[PDB]
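Trainee: Before I ask anything, let me first share the structure, which is written out below as structure tokens.
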Amino acid sequence: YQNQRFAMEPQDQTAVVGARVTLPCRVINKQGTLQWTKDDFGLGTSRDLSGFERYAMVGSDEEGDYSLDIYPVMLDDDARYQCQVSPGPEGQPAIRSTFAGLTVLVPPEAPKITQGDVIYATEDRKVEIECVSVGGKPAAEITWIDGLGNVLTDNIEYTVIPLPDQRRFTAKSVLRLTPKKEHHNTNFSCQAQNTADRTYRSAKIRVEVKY
Amino acid sequence: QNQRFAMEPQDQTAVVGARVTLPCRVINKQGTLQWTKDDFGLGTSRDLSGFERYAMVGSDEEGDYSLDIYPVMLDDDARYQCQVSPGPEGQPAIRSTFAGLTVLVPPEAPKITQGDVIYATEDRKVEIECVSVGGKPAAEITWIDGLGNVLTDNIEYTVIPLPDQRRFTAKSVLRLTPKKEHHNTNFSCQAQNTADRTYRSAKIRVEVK
Ligand code: NA
Ligand code: NA
């Protein structure tokens, strides 16, 4: 009845690198010691959380509020969190909150076309144009457009390559082009965007054609 | 220079009421040390308030923060890890290997369900049941005749989990065909689990008609 219990428990959240994120935890009739774990690692029991320079427990003691405040968010924060309270002095039972997953989003590097600024093609001599978006979490989507902003979906092969950290991804989109004679000095552009991006980013290449 | 372990805790087995100590020693300790029990943080002060039977023993000088438990209870059966947080200069955290503590529980005294005596009739098939309640693990049960011979035939040994899904009740049934010779003879069961210091016995006398 009077045993310590949660008024609020953390829920899954998603946040971009550099952002602030606060995982809620509030206790009614708090009796034991409160602590957050991160992937089952105890973060510590004092509000300043020494050892973790970007973490602190904020809120007032009177309200039982020990929310885990993270700023700035970094990729290393992508993990499972839990709010815990140890048993009370009279044996009031320990309590453990719902686990809360923090998903951290990472904007990719600027998209780049491997072939550079200009490609010198020959009519009917098939050629590859590769757009690359390095290190996004999640992988960036890539759209191709022609000289007039018409989206292409033909002759395009999109692939994803995980980075060694197994969290970030490099996205690649290959446009296989059969250079028509009219294609001379036309442009092709790729547009890359992941869910961390505020809008898409673009790269462009000019195509020259002989014959 | 990284903080690292000099000693990590290993799996141990202990009987309820015993003292058990899980080693953890740190070299170049920079961060704060803490134990977890089934991923619950036990606290970062040596007296571990909130856990009346736990404390971290050893000297700071030796980097020793072994988890001391006394008296051991069934609730201690769990997986433990020794953790040290990042240091002031960014020395990375360390986590020990996990150590499982297996707690053993002696069963209650064995009992024969038919009790003190069986008044039987010749060739009228009868069953004698020995029961050992509440052992972790389940007690093994051996049947012996009046001469002290282990009976290995006509025996059904079963194990039933208890409500807490940790302790077990062991039962062993001996199928007997009453014979004139079996008059006023004795049957004993001997029950023992790994927690027991020795076996415990119950005895039944059988009369034939
Ligand atoms: Na901190
Ligand atoms: Na304690």
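The chains in the structure tokens are called A, B, ... from first to last as shown; in each chain the residues are counted from 1, and the ligands are counted from 1 in the order shown.
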Using only C-alpha atoms, select each residue of chain B with any atom at most 8 Å away from an atom of chain A, and give the selection as a PyMOL selection string.
Mentor: chain B and resi 31-32+34+36+39-44+50-51+83+85-88+90
Trainee: As a PDB file with C-alpha atoms, in the first residue's frame, list the residues of stretch 1-202 of chain B assigned to helix (DSSP H, G or I) by DSSP on the backbone atoms of this structure.
Mentor:
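Listing of selection_3.pdb after writing:
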ATOM      1  CA  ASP B  60      40.920   0.066  -0.946  1.00  0.00           C
ATOM      2  CA  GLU B  61      44.713  -0.153  -1.050  1.00  0.00           C
ATOM      3  CA  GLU B  62      44.517  -3.561  -2.735  1.00  0.00           C
ATOM      4  CA  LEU B  74      17.568 -18.730  -1.724  1.00  0.00           C
ATOM      5  CA  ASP B  75      17.018 -15.143  -2.979  1.00  0.00           C
ATOM      6  CA  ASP B  76      20.799 -14.920  -3.589  1.00  0.00           C
ATOM      7  CA  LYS B 180       4.624 -64.627   3.306  1.00  0.00           C
ATOM      8  CA  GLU B 181       8.335 -63.955   3.838  1.00  0.00           C
ATOM      9  CA  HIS B 182       7.706 -60.190   3.815  1.00  0.00           C
TER      10      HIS B 182
END
Trainee: Could you list the protein, DNA and RNA residues that have any atom within 7 Å of ligand 2, counting only C-alpha atoms and all ligand atoms, and write them as a ChimeraX atom specification?
Mentor: /B:47-55
Trainee: Please save N, CA, C and O atoms of the selected residues as a tab-separated table (two decimals), in the first residue's frame.
Mentor:
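Writing the result to part-v3.tsv gives the following:
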chain	number	residue	atom	x	y	z
B	47	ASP	N	29.16	-0.63	2.53
B	47	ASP	CA	28.20	-1.26	3.45
B	47	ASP	C	26.94	-1.74	2.70
B	47	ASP	O	26.13	-2.48	3.27
B	48	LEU	N	26.79	-1.31	1.45
B	48	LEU	CA	25.62	-1.67	0.63
B	48	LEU	C	24.29	-1.60	1.40
B	48	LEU	O	23.59	-2.60	1.56
B	49	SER	N	23.92	-0.40	1.83
B	49	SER	CA	22.63	-0.25	2.52
B	49	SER	C	21.46	-0.61	1.59
B	49	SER	O	21.48	-0.31	0.39
B	50	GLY	N	20.44	-1.24	2.16
B	50	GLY	CA	19.32	-1.70	1.38
B	50	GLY	C	19.41	-3.18	1.14
B	50	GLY	O	18.42	-3.83	0.81
B	51	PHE	N	20.62	-3.72	1.31
B	51	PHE	CA	20.86	-5.15	1.21
B	51	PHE	C	21.56	-5.60	2.49
B	51	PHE	O	22.79	-5.58	2.56
B	52	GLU	N	20.77	-6.01	3.48
B	52	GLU	CA	21.27	-6.17	4.84
B	52	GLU	C	22.32	-7.28	4.96
B	52	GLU	O	23.12	-7.26	5.89
B	53	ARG	N	22.32	-8.24	4.04
B	53	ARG	CA	23.26	-9.36	4.16
B	53	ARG	C	24.42	-9.26	3.18
B	53	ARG	O	25.19	-10.22	3.05
B	54	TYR	N	24.52	-8.13	2.48
B	54	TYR	CA	25.61	-7.92	1.53
B	54	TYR	C	26.56	-6.79	1.92
B	54	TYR	O	26.13	-5.76	2.44
B	55	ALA	N	27.83	-6.94	1.60
B	55	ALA	CA	28.78	-5.86	1.76
B	55	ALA	C	29.97	-6.12	0.85
B	55	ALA	O	30.22	-7.26	0.46
Trainee: At a cut-off of 12 Å, using only C-alpha atoms, what residues contact residue B:122? Leave out same-chain residues fewer than 6 positions from it and give the result as an NGL selection string.
Mentor: :B and (176-183 or 206-209)
Trainee: Which is closest to ligand 1 among A:4, A:56, A:14, A:20, if we use only C-alpha atoms and all ligand atoms?
Mentor: A:56
Trainee: Pick out the closest residue to residue B:20 from this set: B:102, B:91, B:114, B:96. Count only C-alpha atoms.
Mentor: B:102
Trainee: Excluding stretch 138-144 of chain B and any residue of its chain fewer than 3 positions from it, enumerate the residues within 7 Å of it, using only C-alpha atoms, and give them as a PyMOL selection string.
Mentor: chain B and resi 132+135+148-151+159+168-170+172+187-193
Trainee: Those same residues, written as a compact mmCIF listing (two decimals), in the first residue's frame with N, CA, C and O atoms?
Mentor:
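Heads up, here's the output in selection-v1.txt:
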# COMPACT_ATOMS: atom_id res chain seq x y z
N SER B 132 10.33 -36.52 -0.45
CA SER B 132 11.29 -35.55 0.08
C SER B 132 10.90 -34.16 -0.41
O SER B 132 11.03 -33.87 -1.59
N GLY B 135 13.60 -29.58 -1.57
CA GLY B 135 15.04 -29.53 -1.80
C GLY B 135 15.40 -28.81 -3.08
O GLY B 135 14.66 -28.84 -4.07
N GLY B 148 19.64 -54.53 4.05
CA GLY B 148 20.52 -53.44 3.68
C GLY B 148 20.92 -53.51 2.22
O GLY B 148 21.97 -52.99 1.83
N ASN B 149 20.08 -54.15 1.42
CA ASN B 149 20.31 -54.22 -0.02
C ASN B 149 19.56 -53.14 -0.78
O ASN B 149 18.35 -52.95 -0.60
N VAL B 150 20.28 -52.42 -1.64
CA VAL B 150 19.68 -51.42 -2.50
C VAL B 150 18.71 -52.08 -3.47
O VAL B 150 19.08 -52.98 -4.22
N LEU B 151 17.46 -51.65 -3.44
CA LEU B 151 16.47 -52.13 -4.39
C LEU B 151 16.51 -51.25 -5.63
O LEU B 151 16.50 -50.02 -5.53
N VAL B 159 9.90 -36.14 -10.02
CA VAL B 159 10.23 -34.87 -9.40
C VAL B 159 9.16 -33.84 -9.74
O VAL B 159 8.78 -33.69 -10.90
N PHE B 168 12.26 -28.33 -5.26
CA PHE B 168 11.56 -29.47 -5.81
C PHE B 168 11.11 -30.45 -4.73
O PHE B 168 11.76 -30.59 -3.69
N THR B 169 10.00 -31.12 -4.98
CA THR B 169 9.61 -32.27 -4.18
C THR B 169 9.88 -33.55 -4.95
O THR B 169 9.38 -33.73 -6.06
N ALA B 170 10.70 -34.42 -4.37
CA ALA B 170 11.02 -35.71 -4.97
C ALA B 170 10.16 -36.82 -4.37
O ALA B 170 9.98 -36.89 -3.16
N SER B 172 9.33 -41.17 -4.65
CA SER B 172 9.78 -42.46 -5.13
C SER B 172 8.82 -43.55 -4.67
O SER B 172 8.60 -43.74 -3.47
N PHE B 187 11.13 -51.86 5.15
CA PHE B 187 11.64 -51.14 3.99
C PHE B 187 11.99 -49.72 4.39
O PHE B 187 11.25 -49.06 5.12
N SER B 188 13.14 -49.25 3.91
CA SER B 188 13.62 -47.91 4.22
C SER B 188 13.91 -47.15 2.94
O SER B 188 14.39 -47.73 1.96
N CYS B 189 13.61 -45.86 2.93
CA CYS B 189 14.12 -45.00 1.88
C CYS B 189 15.18 -44.09 2.48
O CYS B 189 15.10 -43.71 3.65
N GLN B 190 16.20 -43.78 1.69
CA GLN B 190 17.25 -42.84 2.08
C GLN B 190 17.24 -41.69 1.09
O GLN B 190 17.35 -41.91 -0.11
N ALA B 191 17.08 -40.47 1.59
CA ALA B 191 16.94 -39.30 0.75
C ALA B 191 18.09 -38.33 0.99
O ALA B 191 18.45 -38.05 2.13
N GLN B 192 18.68 -37.81 -0.08
CA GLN B 192 19.81 -36.90 0.05
C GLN B 192 19.93 -36.04 -1.19
O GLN B 192 19.87 -36.54 -2.31
N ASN B 193 20.08 -34.73 -1.00
CA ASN B 193 20.45 -33.87 -2.11
C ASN B 193 21.84 -33.31 -1.84
O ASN B 193 22.43 -33.62 -0.81
Trainee: Write out as a VMD selection string the residues lying within 6 Å of residue B:174, counting only C-alpha atoms and excluding same-chain residues fewer than 5 positions away.
Mentor: chain B and resid 127 to 128 154 to 155
Trainee: Take the residues that were just selected and, keeping C-alpha atoms, output them as a PDB file, in the first residue's frame.
Mentor:
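Final output, saved to out_21.pdb:
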ATOM      1  CA  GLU B 127       2.802 -49.330  -3.231  1.00  0.00           C
ATOM      2  CA  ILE B 128       5.198 -47.655  -0.792  1.00  0.00           C
ATOM      3  CA  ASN B 154       9.924 -51.833  -9.504  1.00  0.00           C
ATOM      4  CA  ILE B 155      10.712 -48.230  -8.570  1.00  0.00           C
TER       5      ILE B 155
END
Trainee: Taking into account only C-alpha atoms, which residue in the set B:153, B:116, B:129, B:8 is nearest to residue B:82?
Mentor: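 Looking at the shortest contact to residue B:82, the residue is B:8.
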Trainee: Rank nothing, just name the residue among A:147, A:164, A:108, A:10 nearest to residue A:65, using only C-alpha atoms.
Mentor: A:10
Trainee: Select, from A:112, A:204, A:30, A:167, the residue with the minimum atom-to-atom distance to residue A:136, counting only C-alpha atoms.
Mentor: A:167
Trainee: For residue A:8, list every protein, DNA or RNA residue within 9 Å, evaluated using only C-alpha atoms, and leave out those in the same chain fewer than 5 positions away; present the list as number ranges by chain.
Mentor: A: 24-27, 65, 97
Trainee: State, in Å with one decimal place, the distance from atom CA of residue A:138 to atom CA of residue A:69.
Mentor: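 Between these atoms lies a distance of 23.6 Å.
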Trainee: Give me, please, the distance in Å between atom CA of residue A:173 and atom CA of residue A:186, quoted to one decimal.
Mentor: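 Pair atom CA of residue A:173 / atom CA of residue A:186 returns 19.1 Å.
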